[PDB]
């Protein structure tokens, strides 16, 4: 997260870290057994880390649970990042408490201008590299479809939306991939892609979760 702020420990209790020997992506806990992340975060050997603030220190509220299965969306296209969504099933159910909590799926698609919360442990610099240990947060509005398409001509599908600031300075970044965009208490976006971080006229692009609720519900009912 570039240009954001330190969230505060466990104030984003649905935020997860995906660890394969190191943190490599975020995700969102949607019930005690399932995490939503980006398809471009797929890899084998995932451990889901819940209840995290400092990802380099065991502070006492964590739950570490191995994935039993990962399900990348059947229509994910890794060249266009269309349908950039993946479900991860936990080998055992998380214990839900004030520091480990699920986020609801949307029933409608959030509107342009809505202010959302984006979070993660990704790079905090728009030039160069600095990775934080504690969770970072960013408040950002959803941008109009026309602004989004003007920023990335020929690249925005109906399963994507832009959020952020066309002036630059505030964005998600590498390492935030797969993490949540939450608006009105629902998971509306997944950190997906962009061009650089916090660059002028290049806002973040996010998977439009409302388009996937039927697939999510049917998949978790059968796996």
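Under this definition, the rigid core comprises the largest set of C-alpha atoms superposing within 1.5 Å between the forms. Positions refer to the first chain, counted from 1.
- Between 92-100 and 129-137, the larger root mean square Cα shift in 9 other deposited structures of this protein, once each structure is superposed on the rigid core, falls on 129-137.
- Here the stretch with the larger average CA B-factor, out of 163-171 and 176-184, is 163-171.
- When the C-alpha B-factors of 90-98 and 76-84 are averaged, 90-98 comes out higher.
- Residue set 134, 118, 71, 112: peak C-alpha B-factor at 112 (per PDB entry).
- Annotation for residue 20: C-alpha temperature factor in the middle third relative to the rest of the modelled chain, per the entry.
- In this PDB entry, residue 56 carries a Cα temperature factor that places it within the lowest third of its chain's modelled residues.
- When the modelled residues of the chain are ordered by their C-alpha B factor, residue 213 lands in the middle third.
- Among all modelled residues in this chain, the alpha-carbon of residue 196 has a temperature factor (C-alpha) in the highest third.
- When all modelled residues of the chain are sorted by CA temperature factor, residue 205 is found within the middle third.
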